[PDB]
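Observations on the three-dimensional arrangement
Single-letter residue listing:
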Amino acid sequence: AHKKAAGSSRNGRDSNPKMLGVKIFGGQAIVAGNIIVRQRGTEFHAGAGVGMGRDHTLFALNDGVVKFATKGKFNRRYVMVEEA
Amino acid sequence: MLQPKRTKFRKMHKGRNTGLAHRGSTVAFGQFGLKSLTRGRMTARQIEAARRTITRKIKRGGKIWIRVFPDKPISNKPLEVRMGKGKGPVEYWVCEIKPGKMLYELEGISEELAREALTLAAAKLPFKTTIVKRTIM
Amino acid sequence: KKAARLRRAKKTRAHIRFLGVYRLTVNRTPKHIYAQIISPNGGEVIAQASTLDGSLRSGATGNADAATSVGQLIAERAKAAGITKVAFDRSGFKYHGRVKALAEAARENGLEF
Amino acid sequence: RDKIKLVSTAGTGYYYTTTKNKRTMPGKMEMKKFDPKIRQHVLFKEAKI
Amino acid sequence: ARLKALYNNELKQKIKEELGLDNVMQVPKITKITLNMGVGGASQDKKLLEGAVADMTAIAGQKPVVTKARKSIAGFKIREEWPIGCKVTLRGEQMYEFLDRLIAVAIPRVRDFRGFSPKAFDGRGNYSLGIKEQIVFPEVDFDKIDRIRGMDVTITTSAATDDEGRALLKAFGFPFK
Amino acid sequence: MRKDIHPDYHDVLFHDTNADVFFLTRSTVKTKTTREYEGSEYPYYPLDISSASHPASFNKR
RNA sequence: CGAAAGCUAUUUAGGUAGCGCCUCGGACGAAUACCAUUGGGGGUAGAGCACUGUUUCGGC
RNA sequence: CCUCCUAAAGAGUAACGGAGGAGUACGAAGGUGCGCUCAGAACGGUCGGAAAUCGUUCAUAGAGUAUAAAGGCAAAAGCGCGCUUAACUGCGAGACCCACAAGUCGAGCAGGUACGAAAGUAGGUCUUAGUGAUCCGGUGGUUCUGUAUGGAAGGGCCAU
RNA sequence: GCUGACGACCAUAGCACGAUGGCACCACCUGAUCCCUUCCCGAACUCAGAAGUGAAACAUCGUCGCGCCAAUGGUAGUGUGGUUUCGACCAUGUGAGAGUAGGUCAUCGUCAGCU
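Cut-offs used in this document
Residues numbered from 1 in each chain as written, not as in the entry; some residues may be left out. Chains lettered and ligands numbered in written order. Part of a larger assembly, values for the part shown. Heavy atoms only, no water. Residues with missing side-chain atoms left out of burial classes, pairs and counts. UniProt positions renumbered as here; feature names shortened; annotations may be inferred. Near = heavy atom within 4 Å. Polar contact = N/O pair within 3.5 Å; in protein donor to acceptor, adjacent residues only side chain to side chain. Helix = DSSP H or I, 4+ residues; strand = E, 2+ residues; numbered from the N terminus. Nonpolar A, V, L, I, M, F, W, Y, C, P; charged D, E, K, R; others polar. Pairing = 2+ DSSP bridges. Axes fitted to C-alpha atoms, helices over the stretch in contact; angles between N-to-C directions. Contact = heavy atoms within 4.5 Å.

By the method listed in its record, cryo-EM, this PDB entry was determined to a resolution of 2.62 Å.

The name that the PDB entry assigns to chain C is Large ribosomal subunit protein uL18, with the source organism given as Psychrobacter urativorans. The record held by UniProt for chain C lists under Function (unreviewed entry) the comment "This is one of the proteins that bind and probably mediate the attachment of the 5S RNA into the large ribosomal subunit, where it forms part of the central protuberance." Recorded in UniProt for chain C, the comment headed Sequence similarities (unreviewed entry) runs: "Belongs to the universal ribosomal protein uL18 family."

Per the PDB entry, chain B goes by Large ribosomal subunit protein uL16 and derives from Psychrobacter urativorans. You can read under Subunit (unreviewed entry) in the UniProt record for chain B the words "Part of the 50S ribosomal subunit." Here chain B is described in UniProt, under the heading Sequence similarities (unreviewed entry), as follows: "Belongs to the universal ribosomal protein uL16 family."

In structure tokens form, the structure reads like this:
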């Protein structure tokens, strides 16, 4: 085993997947309660027609069509539900 | 033997060496460069041998710039060890060289004794090289 | 400082915009007090009342009594414009004194909030 | 944190269950909780779980 | 507040003419006087802090607020939110009365007094001085005293330049040099 | 000013007896004798010093 | 007609089970695929030093 | 079990691949109403310094966030104060994820409540770890059953 | 023509520098009785007011010093089909980032007030 360099640095752990991301995209029909984004923190913010869960999940508060925008002075990404 | 003073991480993924040196393909500080026409890994030992052989030939009347720094750790597995059971330990450091990169620059010396030192250095390097002038565009 | 006052008004402003109701914004200065009703979209003024109105321009403005008159007058203007249910927006001013007097006058003279 | 029982003082036998640190809260806790057996908020006192 | 009356009567105008200010509202004025009694020996005896609070109450005429540590420092053995000082802010007539007392009755009672250096301005027209022995103030009495302690007096003025600040302080008869 | 939290703070008549110059001001000091002024009588505090008073050799032998 | 050598779990690892994939029957009937135009979100290839680090030379 | 990367810009994706955390804490560190803004650097100032507390001037966060990392955070989610128990009961349209068993988010409705002048907000905590099926046995409730009948024992249902 | 409120938008809107503004409005400003404030403080908040000033702030105007925006061309990468010396190359579709020329001292809406 010459040089004995078989040094154990043991780290083989990992967590289970969380399946975050955008669930419904822009221009799709949506019904109230439908989850739009799963995320950690507010990568997307809730605009009109969408609510925000304790997990930062974004969901449709009412029926319509999903719309993505960048609005406000923080240049934040917003998800809205337009009545259409 | 160049080496980073300290690193964020001990070990690195192999990666790929692809593409041309669009950055670092210009004689920037000196008047005379040795640039690589081929790609590969430049070991810190190779950099040290080439620097020694340029310094001896220019004899403290000229200035050298080493444009390559070995910041990629290369792990190695010792002999008589099976596959697996964790990534090997770091044994040496390389710089990734693309075709076109300047490795050495010289300034403050005659063209002839700069070309001699650069040819001497090229002899110790794992690259096909060429000697380049400083243009302005 | 107006900057600090607008910093501390934005929470209520955004919550009212989420609620999507007509909002009764107040704005008082050491000289005058203003009250205007904004549409749920937030960019239309549909009723207003200030101490710059000729009825109470040449009088004791900048006063709790003037605030009471302004609230009483904007309640009538809102009633005549069809508004009955608003959300009050103290606009970072403390709910007290002149702002409170305006709100109590508007709340007692027809507007319910 | 030890598990404790918060029991209704209405005598309905209803209880909530919770945990507490018996070193930063050595006295028995008591809170006004909703009792579904009488549909009212009443005092619930800590008991042994 | 004889100093308030006198400043609004004649000091303001003469400062304006002496500084050559165009606008009457450009004249410097004193906005606040802060008394600080930072006792770093607190949180290890818990007697010095109350003594300093009593002495500050006697001096300023206001109830002082006990200032607590904003950080932990191992060298000073200080932890988060430990009471390590006292401060009182004086404004209006209270500040003007304190200034009159400090100018007329307190500063002359400083042992070996040669004047306060004029380069002790911060550069924004704010002055600061340090009183080594608090018994300079007649309010605190030498007989029933706990121990000798000092104090910081910061005069925060409306001035924007060091020259304006020093002119304002000279207007009140402050002992410079 | 919050009530009943601040100390006693009343009139006082400091008097530099050296230069014989008075100083009427508010202070918390409790004096012993109440000397009268032009208006009325306030607690009187005598002062030793105040702002009105406080400021080769070969040939000799 | 026509797979699979996958996922999940397992005293499991060359066994077994649910799901996936095969077949047969029924229901349903374009809800499917391809392409054109079009509405989205992204942080990869490339790139770059604005952050975290790392590197060289000069000035200071 | 959680976080990052490998992971090829939707999700997922292996290795005895590279790195780190968890098996808790909190009746306030939860709810609400109101209020506030950090780290640093320089200048001035008693002890007092590189750095204590005080004052000033710049300072979009170079801080903080109970704790690892990532993502987020000014309407602050960061920091205070008053009152409090929504860390509620019955549920839940609709989705996410998913072999199953599980897991996750959730407007709205009813009843009771807290805070707010109010519109309101509140079914724990910035979120993502802090976990263990069934069987068996214990405990608090309950009329459901009760081996001739009335009981009871035992069983069931709800909570633990 | 200007001021204020609330928005759209979120740097071509910002920063900096200079200039103009007090009849309205706004801001400083005066006082702290009263309501209400301060773990101290009328600083902030709050009230009652107009002796004073546009000094600060704010608003407006000007400019390119910074910032920000930004081509065209080229290059890199890349889907599909082919080839390869494994670097790449060809056909076709696509096409950055950086940099350069250049641009920018915003543009709109509702309501009220003075002229």
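1. Remarks on the protein's contact with RNA strand H
Looking at RNA strand H, there are 109 residues lining it, with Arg40(A), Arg10(B), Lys32(E), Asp122(E) and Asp152(E) nearest. Atoms of RNA strand H within 4 Å of the protein belong to the sugar or the phosphate in 69% of instances, the rest to bases. Between a phosphate oxygen of RNA strand H and a side-chain N or O atom of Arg7(C), the distance comes to 3.2 Å. Side-chain polar atom of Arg70(E) to a phosphate oxygen of RNA strand H: 2.9 Å apart, as the coordinates give it. Sorting elements by how many residues they give to the surface near RNA strand H places helix α1 (residues 2–19) of chain C first, with eight residues. Taken together, the residues of the surface near RNA strand H break down into 35 nonpolar, 37 polar and 37 charged.

2. Quick look at the sheet that holds strand β4 (residues 86–89) of chain C
Residue and element names in this part refer to chain C. Pairing is mixed in the open sheet, where four strands are placed in the order β3-β2-β1-β4. A strand with exactly one partner marks an edge of an open sheet, and here the two such strands are β3 (45–50) and β4. Ignoring strand direction, the axes of neighbouring strands in this sheet form an average angle of 20°. With six bridges connecting them, strand β1 (residues 22–28) and strand β2 (residues 33–38) associate as antiparallel partners. Following the sheet pairing, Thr 25 is matched in β2 by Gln 36. Running over the sheet, helix α3 (residues 64–81) touches β1, β2 and β3 and is turned about 155° from β3.

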